[PDB]
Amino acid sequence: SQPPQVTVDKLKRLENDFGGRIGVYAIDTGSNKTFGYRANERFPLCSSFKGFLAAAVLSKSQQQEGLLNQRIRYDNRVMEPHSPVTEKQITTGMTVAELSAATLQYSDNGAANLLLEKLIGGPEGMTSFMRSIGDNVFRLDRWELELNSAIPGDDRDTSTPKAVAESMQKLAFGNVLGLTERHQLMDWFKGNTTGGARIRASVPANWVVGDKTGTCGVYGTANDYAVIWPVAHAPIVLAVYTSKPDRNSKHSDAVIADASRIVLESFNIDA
């Protein structure tokens, strides 16, 4: 049993080298072993909320039959940066399921804002959904892209590593979504395209990982949260969030990967 103090000191050295703050929370879903470091401190969500937005859409669909196959047109809409899928499909519109997949797997901003506008009731509505699953920490205050400002000590558009991990655990393995909807959500996480250098980089290529990244573009602020399915072990839920004090500092994918490696080494997994 690696003493938790050992794990904490490895993370302190890592965040000192990085020049900022690293916050982590992990849960072993078989043993209920947990580990946290800065787990109750707030960090900006950046795009990480989009995974929960997809979940909010699936939840909504459980009380509105047919919702996922409905199409949303936006032919004369002003489109946001980092909207690769919705920019491409503007001539056709997209179904609610397609928007949800895009916002999670490609971090698509147009898709996020469209779903917040037309289905989820804005940042307020997103926040209310999280409250409805027992998350009293998450808060979405602003839309894309202004939510990326990541100002030191601004609690808007933040959560904590613990609350992110706990909410991921609730959605992946709990009671919020029915079986079909829960499978859909986790398949979307599994097919995420933006996380190859973050938590996925800390585990063997043959383990299965579902994740969603966040990158604010300022204040060295970036993150990842995931479910990890090791070979012959219960799944692990992990959240890793970072920040740096200078606005022009870049984040580091390597640092997120290394934080993930340190934390996972602390679970008794065959790798």
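All residue numbers refer to positions in the sequence shown, first residue = 1.
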226 to 234 versus 43 to 51 - which carries the larger mean C-alpha B factor in the record: 226 to 234
Avg C-alpha B-factor, entry values, 70 to 78 vs 131 to 139, higher side is 70 to 78
Residue set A26, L58, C216, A205, per-entry CA B-factor max assigned to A205
Using the temperature factors of the C-alpha atoms in this entry, rank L104 within its chain: lowest, middle or highest third. lowest
Ranked C-alpha temperature factor of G220 among modelled chain residues, by third: middle
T180 by Cα B-factor - lowest, middle or highest third of the modelled chain: highest
What third of its chain, lowest, middle or highest, does the C-alpha temperature factor of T91 fall into? highest
Temperature factor at the Cα of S243, chain-ranked in thirds, falls in the lowest
